[PDB]
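Note that ligands are numbered from 1 as they come in the structure, with each ligand's atoms numbered from 1 the same way. The first residue in the sequence is number 1, and the count goes up from there.
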Amino acid sequence: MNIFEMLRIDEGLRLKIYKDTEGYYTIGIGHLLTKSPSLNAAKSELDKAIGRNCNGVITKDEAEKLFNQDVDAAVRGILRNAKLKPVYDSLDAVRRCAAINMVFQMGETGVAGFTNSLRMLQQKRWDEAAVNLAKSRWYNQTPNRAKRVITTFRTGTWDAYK
Ligand SMILES: Fc1ccc(I)cc1
């Protein structure tokens, strides 16, 4: 169990442009293409990301390559963020995966705003952090995925994914 397997479970794999839970054009293992309603705009982003004319379709190798880039970008965004880095550095490796998962789904800026949850996590008040994390649009809109991530923060185990 590692961040790649965890996010692969949470995001699935689709080789043609699809819409995420918010209605936004996406491809692969949860790679957001654009928030624009234009499918042509999404296709342009895809071609730029892959480096060829894709027609809205990629290979599994390409999906996995984008996925590695996206996971790394989430980690780098954490490490460059003055609010997120101290919390991340305080966590064990399993809980660090839960943190990356949140940043992958919502972005550095959104997670950096989870100020009270982050403090509880840094204080290792796991049950209180889990309660606080669920008081969110995130939990209400994607409750099964948020429950898995929250259980990972609460327990420091992979139990929710097993
Ligand atoms: F550094 C961190 C980034 C995101 C979370 I959620 C927790 C720690």
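Neither the backbone nor the side chain of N81 comes within contact range of ligand 1; no heavy atom lies under 4.0 Å. Contacts between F114 and ligand 1 below 4.0 angstrom, taking non-hydrogen atoms only, are absent altogether. At a heavy-atom distance under 4.0 Å, atoms from both the backbone and the side chain of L84 approach ligand 1.
Within the listing of ligand 1, atoms 1 (F), 2 (C), 8 (C) sit less than 4.0 angstrom from a heavy atom of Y88. Within the listing of ligand 1, atoms 5 (C), 7 (C), 8 (C) sit less than 4.0 angstrom from a heavy atom of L118. Below 4.0 Å from some heavy atom of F153 lie the following atoms of ligand 1, by number and element: 6 (I).
In summary, of the residues considered (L66, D70, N68, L13), a side chain to side chain contact (heavy atoms under 4.5 Å, CB included) with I29 occurs for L13 alone.
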Q: Evaluate the salt bridge (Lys or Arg N to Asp or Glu O under 4.0 Å) criterion for residues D47 and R52: first the C-alpha distance (whole Å), next the side-chain angles of each, then the deciding distance (0.1 Å), finally the verdict.
A: CA-CA 5 Å; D47 293 351; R52 71 184 175 83; over 6 Å; no
Q | Verdict with supporting geometry, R119 and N116, side chain to side chain donor-acceptor pair (under 3.5 Å) | A | CA-CA 5 Å; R119 176 184 310 112; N116 304 319; 3.0 Å; yes
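Nearest to atom 4 (C) of ligand 1 among the protein's heavy atoms is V111 CG1, 3.4 Å. Of the protein's heavy atoms, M102 SD, 3.2 Å lies nearest to atom 6 (I) of ligand 1. Among protein heavy atoms, atom 5 (C) of ligand 1 sits closest to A99 CB, 3.4 Å. Closest to atom 8 (C) of ligand 1, if we only count protein heavy atoms, is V87 CG1, 3.5 Å.
Defined by atom type and a distance below 3.5 Å, a donor-acceptor pair is present between the side-chain atoms of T157 and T155. Counted by atom type alone, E11 and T26 present zero donor-acceptor pairs between their side chains at under 3.5 Å.
Around atom NZ of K83, more than 12 heavy atoms belonging to other residues, nucleotides or ligands sit under 6.0 Å away. Heavy-atom neighbours of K124 NZ from other residues, nucleotides or ligands within 6.0 Å: above the threshold of 12.
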